[PDB]
Student: 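My questions will all concern the structure given below.
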Amino acid sequence: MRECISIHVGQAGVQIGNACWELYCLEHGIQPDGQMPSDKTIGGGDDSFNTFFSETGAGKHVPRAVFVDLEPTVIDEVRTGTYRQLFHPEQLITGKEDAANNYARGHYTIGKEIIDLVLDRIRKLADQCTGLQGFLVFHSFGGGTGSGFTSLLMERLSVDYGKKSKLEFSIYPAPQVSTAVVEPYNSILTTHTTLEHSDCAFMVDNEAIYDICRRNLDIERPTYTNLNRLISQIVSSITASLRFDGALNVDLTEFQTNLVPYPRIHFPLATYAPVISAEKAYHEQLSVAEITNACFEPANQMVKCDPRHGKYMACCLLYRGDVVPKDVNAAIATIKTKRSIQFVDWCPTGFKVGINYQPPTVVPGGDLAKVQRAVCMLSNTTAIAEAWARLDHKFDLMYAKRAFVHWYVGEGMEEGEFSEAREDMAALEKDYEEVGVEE
Amino acid sequence: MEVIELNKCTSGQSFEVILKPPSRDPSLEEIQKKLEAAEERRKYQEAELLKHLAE
Amino acid sequence: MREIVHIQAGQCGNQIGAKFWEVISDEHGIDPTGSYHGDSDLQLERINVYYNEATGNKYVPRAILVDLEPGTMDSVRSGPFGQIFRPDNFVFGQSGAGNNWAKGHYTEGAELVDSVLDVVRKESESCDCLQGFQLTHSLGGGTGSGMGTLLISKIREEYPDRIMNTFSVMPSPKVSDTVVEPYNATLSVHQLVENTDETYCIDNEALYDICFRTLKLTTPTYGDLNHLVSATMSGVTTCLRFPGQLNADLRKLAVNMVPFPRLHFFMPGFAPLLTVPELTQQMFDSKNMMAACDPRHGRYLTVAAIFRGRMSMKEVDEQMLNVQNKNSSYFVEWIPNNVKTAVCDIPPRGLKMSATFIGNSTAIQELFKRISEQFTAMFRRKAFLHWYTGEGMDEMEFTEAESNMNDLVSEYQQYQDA
Amino acid sequence: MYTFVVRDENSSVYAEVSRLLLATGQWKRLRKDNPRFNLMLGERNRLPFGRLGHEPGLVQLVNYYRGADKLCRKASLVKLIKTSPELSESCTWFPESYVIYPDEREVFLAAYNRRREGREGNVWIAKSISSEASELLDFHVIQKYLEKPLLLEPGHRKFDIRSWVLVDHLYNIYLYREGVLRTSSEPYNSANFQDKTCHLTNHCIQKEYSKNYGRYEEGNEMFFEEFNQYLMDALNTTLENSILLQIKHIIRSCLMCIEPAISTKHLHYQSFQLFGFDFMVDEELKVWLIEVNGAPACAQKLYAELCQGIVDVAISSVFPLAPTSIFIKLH
Ligand SMILES: Nc1nc2c(ncn2[C@@H]2O[C@H](COP(=O)(O)OP(=O)(O)OP(=O)(O)O)[C@@H](O)[C@H]2O)c(=O)[nH]1
Ligand SMILES: N#CCCNc1nonc1-c1nc2ccccc2n1CC(=O)c1ccc(N)cc1
Ligand SMILES: Nc1nc2c(ncn2[C@@H]2O[C@H](COP(=O)(O)OP(=O)(O)O)[C@@H](O)[C@H]2O)c(=O)[nH]1
Ligand SMILES: Nc1ncnc2c1ncn2[C@@H]1O[C@H](COP(=O)(O)OP(=O)(O)O)[C@@H](O)[C@H]1O
Ligand SMILES: [Ca+2]
Ligand SMILES: [Ca+2]
Ligand SMILES: [Ca+2]
Ligand SMILES: [Cl-]
Ligand SMILES: [Mg+2]
Ligand SMILES: [Mg+2]
Ligand SMILES: [Mg+2]
């Protein structure tokens with residue numbers, strides 16, 4: 001058994017962390033007080049759920065998690081929330097003055113003041129691990145803390161834990177879901193500095209989640225609670241193999257092995273199905289073929305793009321519920337004849353499949369209905385570079401006039417870092433192109 | 001359409017389906033340097049401000 | 001960041017300041033005695049931004065009242081919510097500023113400014129995490145203009161890493177007290193370009209026209225003018241006082257609205273002076289601007305629209321997209337998504353629903369150009385200069401201030417053609 | 001008020017379509033780099049499809065199908081037909097073609113000797129016209145040359161047919177009822193392949209090189225009414241029966257083949273596109289597909305009608321403004 005430590009940075013990271021650990025406790029049958037009746041080995045054990053939860057003498061299951069934000073009000077909600085007993089005080093770290101949507105403020109100014117405290121608190125969780133796998137980092141691209149402090153943390157983690165793997169769950173900025181005007185700046189800056197420190201990163205575009213909540217859940221104006229509960233489901237699907245007994249993606253290293261052939265191209269596309277509103281009285285359960293077919297519909301992706309105009313490097317199918325290998329193959333065979341699935345001519349055109357018989361758990365009184373079978377597809381496709389293209393375009397527009405740059409320079413940053421970050425993104429876009437090549 | 005590496009347990013199973021065959025991190029020192037370099041630039045600009053206000 | 005320190009200076013500053021506190025005290029459910037009697041808990045969630053809590057469930061405004069003569073501040077104490085203010089935070093002299101910038105900035109005000117900073121220091125020392133400061137004043141007089149900018153300068157020296165915010169009243173011949181107002185305003189704006197992060201430009205000319213050509217008031221008083229400002233000040237600071245979508249602070253406001261440090265002068269707007277399209281079209285109209293400027297003569301760098309009350313925000317976004325397409329040529333292309341739409345659940349008193357406009361437009365150069373012309377008209381003949389030279393100033397300082405604002409006009413003109 | 005942008009100044013077709021939208025008064029033209037548009041009349045090359053459909057509350061439509069280049073490029077088209085099960089090698093309306101990089105180098109010669117030895121007419125054409133395989137490879141795709149084309153009288157001249165096809169956002173296939181014949185005014189001689197004047201029907205080469213240009217019909221353009229009349233008088237048949245059936249068949253075959261690849265039925269943005277199909281007819285009244293044009297120009301006579309049609313079925317269908325059809329619905 002090898003442990004996994006989760007780190008949640010900024011408002012987005014923390015609030016998503018809340019939704020995930022709420023779901024984890026429901027999936028593993030852990031009560032808000034930390035008591036887990038189904039667990040019989042009191043005080044320890046090396047079960048699969050011990051990868052995320054440590055144990056105390058009182059039969060209390062404590063999340064191997066650390067919440068960090070440069071401002072107290074968000075994490076203070078955790079200190080008083082439903083799962084307040086779940087976390088030890090040292091796991092929750094707060095400042096007094098945030099990064100004001102400024103990467104420079106989060107990375108340099110406020111960052112250095114609290115970075116050493118965070119590492120020591122993380123070190124304490126690490127010392128309780130017999131064999132640490134690595135880290136799961138949750139943060140936003142746009143936020144000053146989620147971009148600024150995260151990139152600083154990723155650097156120090158690579159120093160103090162050079163052998164361990166690091167995975168990201170990153171929130172891509174969407175103007176419709178409460179953004180700062182300088183979020184394109186923060187996104188490019190944090191990506192450039194984190195790029196060589198992340199082995200695998202799952203991007204989640206707020207735009208995609210927002211539309212899915214409107215289209216499939218009939219929520220006219222989705223809140224963060226609506227968005228996070230959906231995101232937690234996708235997150236849960238990805239981390240299920242680490243928390244439950246299985247053979248596929250059993251450790252953090254396997255994610256890199258199965259999804260990321262080239263180190264820089266480590267942003268797999270995630271697609272989830274099905275998403276059904278709980279308010280829907282009469283619902284007909286979708287089959288294996290139907291939910292598998294939906295994995296190739298752009299309206300179900302975590303990032304809006306067209307995989308038909310790219311090339312696959314790897315594909316992983318994560319099923320939960322009433323699913324058997326026979327029905328999976330029959331579904332794939334049908335899909336390969338209807339859909340446009342082109343792989344790179346240096347990779348095996350295939351699908352690695354994982355099935356967990358336990359159907360998806362839903363939050364009581366939530367927006368999602370309980371289904372009998374669901375699937376999350378992880379596919380490393382060059383099509384996701386579209387997201388980089390539009391993000392870099394917004395960057396270029398503002399930076400041409402050097403708008404808002406003074407806010408960053410005023411925090412000790414230099415104009416050179418802006419251009420330095422952009423060129424790396426230019427190289428990153430170019431890397432995707434090399435792979436997925438009147439009248 | 002081949003099915004390889006089928007692993008069955010009591011919580012589920014996993015396998016692989018082949019359809020078509022193929023055809024120097026920065027040190028702690030250097031990070032401290034960058035963080036302190038930006039701090040000096042902040043202190044410099046603040047000093048320039050206080051000098052200006054002194055005038 | 002949490003606490004904000006409020007400061008009001010001079011007659012106009014203290015009169016609009018008092019009105020601002022009367023309005024927001026009502027919205028937060030605080031009576032003139034300082035006791036809370038509200039029904040909702042949204043009123044108390046972020047009340048510590050503007051209020052200190054004294055023992056006995058009493059909320060005392062973190063406000064400091066400054067003037068060089070007791071006249072206006074005496075009226076404030078005898079006003080409606082006059083007893084809610086901390087008595088030790090009344091700092092005043094007896095001389096007055098005689099509508100003279102130099103008196104407030106150099107002679108009379110310099111003598112009093114230290115005791116003001118003492119009160120500022122005391123309030124700041126007992127803050128959990130000071131955001132910064134908000135100043136209310138006019139630019140046409142002597143105290144609020146001269147001493148107000150002197151105060152800002154010395155506050156920045158003692159707190160170089162905190163945000164400075166001003167609600168500044170621009171003078172106008174339509175509502176004028178003295179002829180030296182262009183001199184006082186010109187000297188003050190130069191201070192503002194260097195020492196504030198955010199300035200809400202409140203033009204008395206616009207306030208008069210709104211009272212005249214819209215509210216149909218034959219003879220508008222200062223009370224009528226201040227009614228518009230109170231409503232505006234409540235609207236623009238809503239995202240600071242209440243839990244909402246934005247949930248912002250002073251620094252986050254400045255970061256998103258100010259693409260270039262010197263260009264931080266905003267055109268506020270309010271509606272109504274009701275249907276959502278009516279509410280949306282009206283807020284983007286020149287007749288609702290608190291700064292007498294034509295937005296169609298300049299370009300918007302950033303825009304913030306805040307809606308209050310209960311309404312279909314679906315219908316709002318449709319109308320927001322609607323007004324944007326009408327005014328598509330009045331926005332800049334080099335700042336993506338420069339228009340912010342926000343909502344607050346708490347409606348103002350007397351209104352079922354409202355909307356507040358906060359625009360960073362280049363069209364505001366018309367305000368500074370207007371002041372510059374009136375300045376030069378007198379200065380070319382050195383008229384009324386003796387009031388200032390008798391206080392120690394010389395002509396060179398005027399020439400500098402004249403140049404600096406001209407430069408400011410030029411800077412706005414640069415980004416209007418880009 | 002709908003908003004659109006113009007990013008192709010060279011497009012004569014969409015210059016007219018742009019003019020029509022403004023004349024309605026309900027469409028406003030923004031600057032080319034303004035992203036807050038309803039309709040993009042995009043550029044021919046490197047159209048940023050990845051930036052479309054990401055503006056809040058904005059339904060966006062573009063006048064090009066991402067992936068349509070597979071049909072509008074010579075090498076891709078040949079590759080598409082030979083590899084698609086829907087089209088297959090059993091494609092009896094597309095000339096025997098081979099893709100050549102300066103591949104199908106061995107197969108072309110393998111079939112070349114199967115015609116020379118059999119004494120069958122072994123003349124080929126290559127672009128991006130000789131009877132010798134050596135002269136071609138020394139000189140891109142190689143296509144079989146119809147040595148027995150349909151010749152118009154009087155004049156003893158060959159021609160080609162242009163069909164305008166519109167595919168909307170719902171992937172409905174509309175064939176413009178008005179086509180055009182581009183004719184080479186010089187009489188066809190089999191023997192001379194050096195002089196391409198009688199053998200090229202293309203207007204650009206025809207406009208200047210044809211020593212008898214504009215002799216029979218103005219601008220060397222014959223429209224559907226006359227060509228139908230000629231077919232009735234000369235060959236006792238109709239344009240519909242002898243030719244148009246095969247044309248509608250070929251168009252439908254090509255467009256349905258790439259539908260799952262380019263469709264935008266569930267995409268975050270929408271696409272439509274005007275296509276230019278070029279056909280050839282042999283002496284057996286059989287139709288052959290020559291090429292597919294991505295950005296076709298219309299005939300001067302037919303500009304007003306088609307461009308108005310484009311607005312009604314492709315643009316107004318998505319963005320409604322405040323009756324016979326000029327199109328034939330093929331889908
Ligand atoms: N899905 C989701 N996105 C969020 C959430 N909270 C914030 N975001 C996104 O994160 C971006 C802003 O980053 P934040 O996390 O709010 O800011 P921060 O990381 O705390 O850094 P600061 O600037 O110091 O506040 C915006 O684009 C939001 O859309 C959340 O709870 N769920
Ligand atoms: N959503 C969310 C939170 C982050 N956005 C910001 N936080 O404060 N202001 C923000 C922000 N983002 C923007 C994007 C475009 C234009 C203006 C924008 N603003 C500024 C803004 O919203 C505001 C609101 C009230 C004001 N009195 C002044 C400014
Ligand atoms: N809007 C508004 N403007 C005022 C008010 N009182 C004075 N002013 C303006 O402020 C300028 C005079 O400055 P004032 O504040 O009276 O002098 P001070 O005491 O030295 O600051 C003139 O241009 C007036 O038009 C008021 O109550 N409301
Ligand atoms: N298989 C063929 N047989 C006879 N003529 C042909 C054939 N293919 C093309 N042509 C002639 O070539 C001309 C256009 O050829 P095309 O390949 O479209 O040129 P380009 O590639 O320069 O557009 C037409 O006038 C047509 O008559
Ligand atoms: Ca146990
Ligand atoms: Ca590493
Ligand atoms: Ca004295
Ligand atoms: Cl290690
Ligand atoms: Mg935050
Ligand atoms: Mg006075
Ligand atoms: Mg007076």
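Convention: sequence-line order gives letters A, B, ...; per-chain numbering from 1.
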Student: What distance separates D:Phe49 CZ from D:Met40 CE, expressed to the nearest 0.5 Å?
Tutor: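 CE of D:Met40 is found 9.0 Å from CZ of D:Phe49.
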Student: Is the shortest distance from a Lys or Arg side-chain nitrogen in A:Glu433 or A:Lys430 to a carboxylate oxygen in the other one below 4.0 Å?
Tutor: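 Between A:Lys430 and A:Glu433 there is no salt bridge, as every charged N stays at least 4.0 Å from the carboxylate O atoms.
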Student: Which distance, rounded to the nearest 0.5 Å, do you find between the CG of A:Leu217 and the CZ of A:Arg229?
Tutor: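 CZ of A:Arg229 is found 11.5 Å from CG of A:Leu217.
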Student: Describe, in one word, how the ring planes of D:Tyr171 and D:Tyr65 are oriented to each other, choosing from parallel (under 30°), tilted (30 to 60°) and perpendicular (over 60°).
Tutor: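 Aromatic pair D:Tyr171/D:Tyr65 classed perpendicular.
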Student: Should A:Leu428 and A:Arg264 count as side-chain neighbours, where that means a heavy-atom distance under 4.5 Å?
Tutor: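 They are in side-chain contact.
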Student: Dump the intermediate steps for ring-ring contact (aromatic ring centres under 6.0 Å, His included) on D:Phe4 and D:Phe37, then the final yes or no.
Tutor: CA-CA 5 Å; D:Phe4 77 98; D:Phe37 56 87; 9.9 Å; no
Student: Within the structure provided, determine whether A:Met302 and A:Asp205 are in side-chain contact (heavy-atom separation under 4.5 Å).
Tutor: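 When only atoms from C-beta onward are counted, A:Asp205 and A:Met302 do not touch, as no gap falls below 4.5 Å.
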Student: Specify the closest pair of heavy atoms between A:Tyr185 and A:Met398, including all atoms of both residues, with the distance to one decimal.
Tutor: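 Between these two residues, the closest heavy atoms are OH-C, 3.2 Å.
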Student: On the 0 to 90° scale, with breaks at 30° and 60°, tag the A:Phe255-A:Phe202 ring pair as parallel, tilted or perpendicular.
Tutor: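 Perpendicular: the ring planes of A:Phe255 and A:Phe202 meet at over 60°.
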Student: For the residue pair A:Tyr262 and A:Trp346, categorise the inter-ring angle as parallel (less than 30°), tilted (30 to 60°) or perpendicular (more than 60°).
Tutor: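 Perpendicular, since the angle between the ring planes exceeds 60°.
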Student: When you check the gap from the basic side-chain N to the acidic O, do A:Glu386 and D:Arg66 get nearer than 4.0 Å?
Tutor: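 Yes, charged N to carboxylate O under 4.0 Å.
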Student: Any idea how A:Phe351 and A:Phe296 line up, ring-wise: parallel (<30°), tilted (30 to 60°), or perpendicular (>60°)?
Tutor: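 Rings of A:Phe351 and A:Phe296: perpendicular, as their planes differ by over 60°.
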Student: Would A:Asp306 and A:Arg308 pass as an ion pair if we require N to O under 4.0 Å?
Tutor: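 A salt bridge is present here (some side-chain N lies under 4.0 Å from a carboxylate O).
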Student: Hey, are A:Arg214 and A:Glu220 close enough for a salt bridge, meaning a charged N less than 4.0 Å from a carboxylate O?
Tutor: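 Salt bridge flag = no for A:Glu220 with A:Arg214.
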Student: Enter the distance from D:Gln270:CD to D:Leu39:CG here, rounded to the nearest 0.5 Å.
Tutor: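 One gets 12.0 Å once the value is rounded to the nearest 0.5 Å.
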Student: I need the D:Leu71 CG to D:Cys257 SG distance, nearest 0.5 Å.
Tutor: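 If we round to the nearest 0.5 Å, D:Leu71:CG and D:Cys257:SG are 8.5 Å apart.
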Student: Test ring-ring contact (aromatic ring centres under 6.0 Å, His included) on A:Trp388 and A:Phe267; report intermediate values, then the result.
Tutor: CA-CA 11 Å; A:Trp388 297 128; A:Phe267 302 92; 4.9 Å; yes
Student: Is there a side-chain contact between D:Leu255 and D:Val167, using heavy atoms and a 4.5 Å cut-off?
Tutor: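 Yes, close enough: below the 4.5 Å cut-off.
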Student: Could you check whether any side-chain N or O of A:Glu439 sits under 3.5 Å from a backbone N or O of D:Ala295, counting only pairs where one atom can act as donor and the other as acceptor?
Tutor: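 Here the side-chain-to-backbone pair exists.
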Student: Closest heavy-atom contact between A:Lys304 and A:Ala208?
Tutor: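 Heavy-atom minimum between the residues: CG-CB, 4.2 Å.
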Student: If you count heavy atoms of other groups shown closer than 6.0 angstrom to CZ of D:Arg7, is the number above 12?
Tutor: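 Yes, enclosed.
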Student: Thinking salt bridges, do A:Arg221 and C:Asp317 make one under a 4.0 Å N-O criterion?
Tutor: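 Salt bridge: yes.
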Student: Applying side-chain contact (heavy atoms from CB on, under 4.5 Å) between A:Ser277 and each of A:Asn216, A:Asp218, A:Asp367, report the one that passes.
Tutor: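 Looking at A:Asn216, A:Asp218, A:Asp367, the match for A:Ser277 under the side-chain contact (heavy atoms from CB on, under 4.5 Å) is A:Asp218.
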Student: Quick test of your reading of the model: are A:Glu207 and A:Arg390 salt-bridged, counting only N-O distances below 4.0 Å?
Tutor: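 Yes, this pair counts.
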Student: For residues D:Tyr176 and D:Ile326, determine if any side-chain heavy atom of one lies less than 4.5 Å from a side-chain heavy atom of the other.
Tutor: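 Yes, side chains in contact.
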